[PDB]
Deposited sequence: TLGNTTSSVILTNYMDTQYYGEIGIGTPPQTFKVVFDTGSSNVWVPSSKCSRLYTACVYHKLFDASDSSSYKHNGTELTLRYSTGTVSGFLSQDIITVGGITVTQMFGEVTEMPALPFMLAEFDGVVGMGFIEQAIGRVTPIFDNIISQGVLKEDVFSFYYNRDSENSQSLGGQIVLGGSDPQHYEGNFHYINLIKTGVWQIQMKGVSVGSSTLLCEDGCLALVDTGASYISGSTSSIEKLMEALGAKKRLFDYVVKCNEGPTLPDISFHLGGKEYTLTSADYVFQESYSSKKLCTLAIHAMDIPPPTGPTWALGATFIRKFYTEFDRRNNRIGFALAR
């Protein structure tokens, strides 16, 4: 059932790598900064029950069930394993407000929150925008619960991620139930999902200056990933072609060579989605003696989802993305 509501969540852009918005949990609302992540399907925030020996819990907002009159205990343990780290804790139910939509939502109260990486998170928690099929503990995801209310105009949500800057700039925007034509131009071009249950599409090629994915591969369209990622062997080849040098967590080029690195193009559906070096180089200098990191990383995502590329914020900054649950497709349009 479809209504006439669309709702928007204003996002903050932290250093082009973490895009997060606000949710309120409980009565009265406890506010949390959260990443909205199409790569996962669970909601979690740090818990007041998190031992303060987890320094990440000292440095983030903690949900306190004992201050919420709308809290409903559950207590089933859950562990959520992401590509960059793991959190563990237990299930709780409470009222969650997101863009002025209020939903009764089961979520994780995280009691184990590793300092690496979570001391480096500006956000507190995560709101998974993936399908119930990938939800740990079969917890109904938030967007599914919003859809059940029958208020949303369309069974879709859309992501705009801005370039960083100053504070008057909008970091980004999620539209629940539609899209915002203020943040894209031209027409959407749609690629059907490989299957329902994951925001993943076929990719027909990756070109540097068709070097890779020549017989097709997978692209997870991942709003919770900072970067474009490929498999180690893909990225090793991609980076050799860019003249980039591998470091522990990233690849770098000499900053003076950054501006003249070749275009990288991603063949999705009918269209080529092209990034110039300005879209994937963190140009912090123009010096031959400084190293500039690339917004393309190696990430071996395990099966059944991987091996797969992930199109994260690096991609979404250039291409406004609509996630269409009704038609099991993803639409891209040129962001403005």
Problem - Segments lacking C-alpha coordinates (deposited sequence numbering, starting at 1) - result: 166, 211-212
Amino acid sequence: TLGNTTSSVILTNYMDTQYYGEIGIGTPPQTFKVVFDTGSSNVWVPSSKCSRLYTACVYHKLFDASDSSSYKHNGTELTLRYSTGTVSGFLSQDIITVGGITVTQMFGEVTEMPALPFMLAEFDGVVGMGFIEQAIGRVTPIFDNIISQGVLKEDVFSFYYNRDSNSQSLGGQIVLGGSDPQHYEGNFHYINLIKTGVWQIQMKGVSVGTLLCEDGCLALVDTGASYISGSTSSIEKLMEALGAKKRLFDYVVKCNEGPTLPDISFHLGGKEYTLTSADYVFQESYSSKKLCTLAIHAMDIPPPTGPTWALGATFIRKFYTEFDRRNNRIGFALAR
From here on, numbers count along this sequence of modelled residues.
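The term rigid core refers to the maximal set of C-alpha atoms that superpose within 1.5 Å between the two forms.
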Exercise for the section: Determine, for 90-98 and 243-251, which one has C-alphas that on average lie farther from this form in 9 other deposited structures of this protein; superpose on the rigid core first. Expected result: 243-251
Completion exercise
Comparing 289-297 to 41-49 by root mean square Cα deviation from the shown form in 9 other deposited structures of this protein, core aligned, the larger deviation is found at 289-297
Exercise for the section: Find out whether the coordinates of residue 335 are absent in at least a third of the other compared PDB entries of the same protein. Expected result: no
Practice task
Indicate yes or no: is residue 265 absent from the model in at least a third of the other PDB entries of this protein that were compared?
Solution key: no
Practice task
Taking the mean of the C-alpha B-factors per stretch from the entry, tell me the winner out of 282-290 and 307-315.
Solution key: 282-290
Handout entry: Of 123-131 and 197-205, the one with larger mean CA B-factor
Key = 197-205
Exercise for the section: Just grab whichever of 98, 221, 238, 175 has the top CA B-factor as deposited. Expected result: 238
Completion exercise
Note to self: of 86, 162, 148, 229, the C-alpha temperature factor tops out at 148
Completion exercise
Here the Cα B-factor of residue 299, set against its chain, lands in the third termed highest
Exercise for the section: Among all modelled residues of this chain, ranked by Cα B factor, put residue 212 in the bottom, middle or top third, i.e. lowest, middle or highest. Expected result: highest
Practice task
Could you tell me which third, lowest, middle or highest, the C-alpha B-factor of residue 137 occupies within its chain?
Solution key: middle
Exercise for the section: Among all modelled residues of this chain, ranked by Cα B factor, put residue 106 in the bottom, middle or top third, i.e. lowest, middle or highest. Expected result: middle
Practice task
Sort the modelled residues of this chain by their C-alpha B factor and say whether residue 254 lands in the lowest, middle or highest third.
Solution key: highest
